[PDB]
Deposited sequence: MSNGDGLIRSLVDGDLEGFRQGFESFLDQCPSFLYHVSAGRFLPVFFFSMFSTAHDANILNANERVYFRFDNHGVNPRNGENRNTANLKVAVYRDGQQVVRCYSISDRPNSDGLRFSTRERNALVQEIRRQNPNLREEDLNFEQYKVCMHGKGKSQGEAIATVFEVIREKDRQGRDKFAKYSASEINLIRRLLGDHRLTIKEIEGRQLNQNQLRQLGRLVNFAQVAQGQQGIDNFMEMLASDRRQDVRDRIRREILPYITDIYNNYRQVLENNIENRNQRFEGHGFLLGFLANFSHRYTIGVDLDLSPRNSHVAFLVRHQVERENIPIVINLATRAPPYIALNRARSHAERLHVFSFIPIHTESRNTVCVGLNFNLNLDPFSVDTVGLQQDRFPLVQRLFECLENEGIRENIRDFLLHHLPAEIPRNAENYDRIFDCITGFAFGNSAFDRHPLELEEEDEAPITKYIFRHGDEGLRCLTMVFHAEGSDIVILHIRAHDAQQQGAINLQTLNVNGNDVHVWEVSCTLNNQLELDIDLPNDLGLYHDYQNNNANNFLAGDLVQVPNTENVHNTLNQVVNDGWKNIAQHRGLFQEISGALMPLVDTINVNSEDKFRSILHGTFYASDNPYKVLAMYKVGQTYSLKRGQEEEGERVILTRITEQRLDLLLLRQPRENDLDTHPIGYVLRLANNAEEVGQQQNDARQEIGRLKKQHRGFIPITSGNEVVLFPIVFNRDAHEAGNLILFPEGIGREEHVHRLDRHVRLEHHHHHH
């Protein structure tokens, strides 16, 4: 590479485009937040304010900035926390002043540099060059924007005539005029056309001011070398002694500039943009990977620094808290770290058993950060076992809820518009985990009991409730309900089919409800009494429906042992795997109701999780992005369209000393509601695989081998027999994809 700020300052737009393209691969979730407050502007500010300290730019290459805050909306007159970033660079002895405008919006009002911004800029230039001739200065105005998330453009505006090379007003100026006048709904032509009073012009001149960034007392040239290590103690010391003190100092130094001329700024997203910028200044020199989680109720960022393909380097997890104690922020960082294998791709790019956690609150005067180390290991959650253990032990409900919620794909938002998606994923995941559990129940009193699983089909064909029954032979029975917000039927499930000696056998119920706020609530377990008393007391209270026994699925576990290992490139082994899964689901197709691709994917996800092999299974895994370009016409417009590529299911082994090939297996899943819809679904799945084969750098850090297995899978809802339930390619070779290193 060559450097993002370096390529920008030098005017090498194609070098900046290719460089920013590589950073977008390093931070796959960057684009989701470019339109959230000042996330994008602060990102670029950080990159510029820390470049002198990183020796990217010389002291000769002066950098001047200004935050062009948008202000009130012309449509509703409400405050906005968005802004534009105006940055210019001047090297003494040069006649070129390169001016840059950064904003989320592609053509936001005031994005162009204003005449007053030019006067405020040249004012700062002469604090060191008092007798500089401004007529000899040639201004090169550029624009950089990304919006949607799907588009990223770099534009070099064409040369313009005098007094037309600069716009009349910036975003902040337009906001002040509206505030100085009465109307907030004044259009630009209105504002530009009205003659302004001399006092109003003075307030406009006092509003636009530029500031200069310079090198500090602490150089950060080798700050990423300090983090590209395998020693947790080293990485811990470097973050606590050098790295974070610098970031805290720079953010607190420019603290007043952030809060000026802005109301209700998003401190979460701005603080995260500042951290990403610091890292982006080293993106061209190191293989960095950033996993950002900025969804609601989440403020985490996990990154891993490497020189090339080191497999034991220490990840770093930072939680940013706007208004929280430092210990509280560290707690949140530790909680994310313990579940990092479910959430993040970072435990895939490193095999380290520890992670450095950091809780950060920029607002605190004392104790702004705290650092500690947390173990990093993949956990196997026994769903059926914890269900039985949660009847007499409190707190397991939290872990059971966390198990189901954390495995939800991060792509699916947890709002009212995706309620059915979330419900389909939770029920399908719970089914696959419980229906495909081969182990018996480890009882509390030094004993074990085999578990025969059942699933109940409600009389209402269109009811959103998954009900299963787990019978521990010789012990208690647990009825599990995963209900929607409106599926609150309390009729009893008939357990007459269960062959139960009376014993001390009790019937328990654990009910779960996904509410309208998208929170999964697990009620307190209830003892419904002894089995015989349960059947007699509910004689006229039995829910209409049928209790279908779950078939034995032990051969699926043995088959996955061969498929995940030596037979991962064998199409027939994969064909037999899904034929057996089909053989198990066919007696349950009507009771399970695989009515959507989410349900289909989550059933398989829970199946591969419960089985010892694969070691790791991920749903909706982002492999990477594709960048298509468009060039336009001096006026140099470079447009980049970004399209994401995701794998419905990715199955991975664990890297071992003898075998570092994780044997990556990817499945593209589709659902066919009718037998006529089958051919279109298969073709669509095959087309997606062809596009996945265009991705390479996304599959390279996931394995030490040079091939990936990709298969198209289609669920045939209207299948007559089990042989056609899950449709697998018959082979009439396109599943093995060689990787280009």
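If you line the structure up with the deposited chain, the stretches without a C-alpha atom are 1-3, 152-160, 646-648, 748-749, 759-769.
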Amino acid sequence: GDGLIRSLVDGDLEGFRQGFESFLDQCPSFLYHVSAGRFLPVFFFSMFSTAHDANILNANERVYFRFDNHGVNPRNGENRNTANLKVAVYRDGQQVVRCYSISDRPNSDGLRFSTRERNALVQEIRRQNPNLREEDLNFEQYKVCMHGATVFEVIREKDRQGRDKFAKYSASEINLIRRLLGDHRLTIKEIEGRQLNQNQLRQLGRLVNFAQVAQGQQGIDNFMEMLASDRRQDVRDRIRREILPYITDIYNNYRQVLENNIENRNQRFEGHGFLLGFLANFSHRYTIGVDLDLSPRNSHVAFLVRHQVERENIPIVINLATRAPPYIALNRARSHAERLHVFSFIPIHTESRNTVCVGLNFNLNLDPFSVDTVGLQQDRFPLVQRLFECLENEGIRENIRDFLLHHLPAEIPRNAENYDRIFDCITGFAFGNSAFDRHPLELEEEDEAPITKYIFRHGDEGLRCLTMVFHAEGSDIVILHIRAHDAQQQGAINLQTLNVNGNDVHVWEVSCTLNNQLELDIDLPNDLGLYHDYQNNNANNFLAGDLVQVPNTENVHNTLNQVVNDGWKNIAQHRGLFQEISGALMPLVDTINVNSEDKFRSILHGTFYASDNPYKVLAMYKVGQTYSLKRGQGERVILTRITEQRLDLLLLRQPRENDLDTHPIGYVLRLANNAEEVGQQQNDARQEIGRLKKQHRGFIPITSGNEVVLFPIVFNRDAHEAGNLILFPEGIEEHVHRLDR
From here on, numbers count along this sequence of modelled residues.
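Look at the mean CA B-factor for 484-492 and for 642-650 in the entry; the higher one is 484-492. Between 37-45 and 54-62, it is 54-62 that carries the larger average Cα temperature factor according to the deposited entry. Highest CA B-factor among the listed residues (419, 169, 429, 381): 169. Comparing C-alpha B-factors across 237, 521, 448, 367 in the deposited entry, the largest value falls on 367.
In this PDB entry, the Cα temperature factor of residue 374 sits in the middle third of its chain's modelled residues.
Among the modelled residues of its chain, residue 268 has a C-alpha B-factor that falls in the middle third, as given in the PDB entry.
Ranked by Cα temperature factor within the chain, residue 722 sits in the middle third according to the deposited record. Ranked by Cα temperature factor within the chain, residue 622 sits in the lowest third according to the deposited record.
Ranked against the other modelled residues of its chain, the C-alpha B-factor of residue 459 as given in the entry falls in the middle third.
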